[PDB]
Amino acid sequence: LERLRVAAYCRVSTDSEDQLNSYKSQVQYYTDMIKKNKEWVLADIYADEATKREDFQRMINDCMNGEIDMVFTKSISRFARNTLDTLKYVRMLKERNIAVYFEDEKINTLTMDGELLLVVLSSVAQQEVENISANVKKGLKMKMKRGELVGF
């Protein structure tokens, strides 16, 4: 090897009046940005229109195969669909010493700030799961099966 293998993960906008989030604009942005650093080599640019589906999954498989050392992505909200998936995929990369760099938030997931990200997400996810569970139990009680308003 030698060079750090750098990928980018992109969410592509469904229009058009948003050229900045177009596929082509993002391909050029990341290709040029990663070329700024001669210690790095571009692995690939991965993009789905919209964790997120097919190219995200291709990226994860390339990570499991040792093709990528660091993934750029614009934001947590583009990286994955929810807290639980953000945890899952950040941790899966981290166990293999693969960093994600969240550009908007300015967080490399392998730093102590990365560790705090994961602590905060774990607490957030526990609360979200308990909230769903509470809401499900409340919802069951709302259903009228005693002939409250209408007889049998």
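In this text, residue numbers run from 1 along the sequence as written.
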Where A50 meets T51 in the shown sequence, the number of deposited residues left unmodelled: 4 to 9
Given 60 to 68 and 113 to 121, the range whose Cα B-factors average higher in the PDB entry: 60 to 68
Residue stretch of maximal mean CA temperature factor, 101 to 109 vs 32 to 40: 32 to 40
Third of the chain's Cα B-factor distribution that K141 belongs to, per the entry: lowest
